[PDB]
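Single chain ahead, by itself, as structure tokens, in the form deposited without this ligand.
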């Protein structure tokens, strides 16, 4: 009794991959959602820039500026927020207004869904986490850019909130790093962080994330850093990297209804292990056992972000562990034992049941599990 699980994992119909990967349709529906947001955000900025251009032509009273604001999509903000938008437009200097009039919101063409490892949600209440940033090409700024933090966030909020008003089942929720649209019926939420970038390329640093609460209004955070890291890793290691990342993310979804380690911490740890430990990429069952064996050590040490400019660990080191991190360490230690137990189970039926204690009950096809060669 030594069971092989390579097809349990990799089978694109009945295997774990077949249960995790979104259909071409479901993917296109997320793309459609994403497109609706981007269009509305662009539309809102035009409406606002429309008012700004009228002010450049003639400096209107605040009352007239406010009336114009009130009949834009910005009408979906509160009264005080509309006043604030109208006041910011009223207060613009010539230099600032010309900047604003040249600003159109930008979106990332290279962005995939979770580095192309977005899994179908497993447990009831679990939702797909989709991020689509809005990039604001502006002059490089020291503290604050000509176009203010406040105005930009208000306009993005107006965009998201105006969509929420026109679409039943949608809700808005403001977060630290982003505005969020939650669509519970579609088990989906999409986060719209807002970044400031240089007008002329020059993209290394000076990607600035807008923070909604607190003293710092902007922080340096370039999502391209982690994206490049991971894409390069997949090239260096092989096509199985994304698969094993999907599997660990699925394991996480199965072990915790809410909570568990971040997907990125699992990706960083998995990459570290596959770079440093011999494995056979032709057997994902053997490969997963190798990953399972080494994860506890990766997490115990704390998981460093692949972005060297991020001082905060993706997962805390052992000495900073509370009940939640202790819980996570505990399940990580169980994982390699679960995989070995499945491997030596009495039957196909039992082997499936045991491995499904790691990844949840999804795969129903025991025939994917085969007697070892």
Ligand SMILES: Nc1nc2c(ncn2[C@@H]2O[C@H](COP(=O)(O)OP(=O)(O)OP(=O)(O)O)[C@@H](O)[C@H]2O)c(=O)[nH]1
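C-alpha atoms forming the largest set that superposes within 1.5 Å between two forms make up the rigid core. Positions refer to the first chain, counted from 1. Shifts are known only where both forms have a C-alpha.
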Unresolved residue 115 in a third or more of other entries flanked by modelled residues
no
Of the other PDB entries for this protein whose models extend past residue 141 on both sides, does at least a third leave it without coordinates?
yes
Between 137 to 145 and 285 to 293, the record assigns the higher mean Cα B factor to 137 to 145
Please compare 294 to 302 with 179 to 187 and name the stretch with the higher mean C-alpha B-factor in the deposited structure.
179 to 187
C-alpha B-factor winner, where the candidates are 193, 121, 260, 198:
198
Of 132, 228, 93, 129, which one's C-alpha B factor is largest in the deposited record?
93
Chain third (lowest, middle, highest) by recorded CA B-factor, residue given as residue 253
lowest
Can you tell me whether residue 112 has a C-alpha B-factor in the lowest, middle or highest third compared with the other modelled residues of the same chain?
highest
Among all modelled residues of this chain, ranked by Cα B factor, put residue 213 in the bottom, middle or top third, i.e. lowest, middle or highest.
highest
Sort the modelled residues of this chain by their C-alpha B factor and say whether residue 308 lands in the lowest, middle or highest third.
highest
For residue 53, the third of its chain by CA B-factor is the highest
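What comes next is about the form solved in complex with this ligand, which does not appear here.
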Pick from 84, 99, 191, 283: which residue has any heavy atom within 4.5 angstroms of this ligand in the deposited bound form?
191
Of 154, 164, 290, 226, which residue is found within 4.5 angstroms of this ligand in the deposited bound form when only non-hydrogen atoms are counted?
226
Close approach of residue 195 to this ligand in the deposited bound form, 4.5 Å, heavy atom
yes
Answer with yes or no whether residue 129 is in contact with this ligand in the deposited bound form, where contact means some heavy atom within 4.5 Å.
yes
4.5 Å heavy atom contact, residue 111 and this ligand in the deposited bound form:
yes
Is residue 175 close to this ligand in the deposited bound form, meaning a heavy atom pair under 4.5 Å apart or at it?
yes
Given that the partner is absent here, state which listed stretch (86 to 94, 164 to 172, 68 to 76, 263 to 271) has heavy atoms within 4.5 Å of this ligand in the deposited bound form.
263 to 271
Just to make sure I understand: among 285 to 308, which residues lie within 4.5 Å of this ligand in the deposited bound form, judging by heavy atoms?
305, 307
Any idea which of 176, 276, 110, 71 has its C-alpha shifted 2 Å or more between the shown form and the other one with the rigid core fixed?
110
Might you say whether the CA atoms of residue 106 and residue 112 end up closer or farther apart in the deposited bound form than in this form? Their distance differs by 3 Å or more.
farther
Once you compare with this form, do the C-alpha atoms of residue 111 and residue 260 lie closer or farther in the deposited bound form, given a change of 3 Å or more?
closer
What parts move between the shown form and the other one when you lay the two on the core: runs of 3+ residues, each CA off by 2 Å or more?
109 to 112
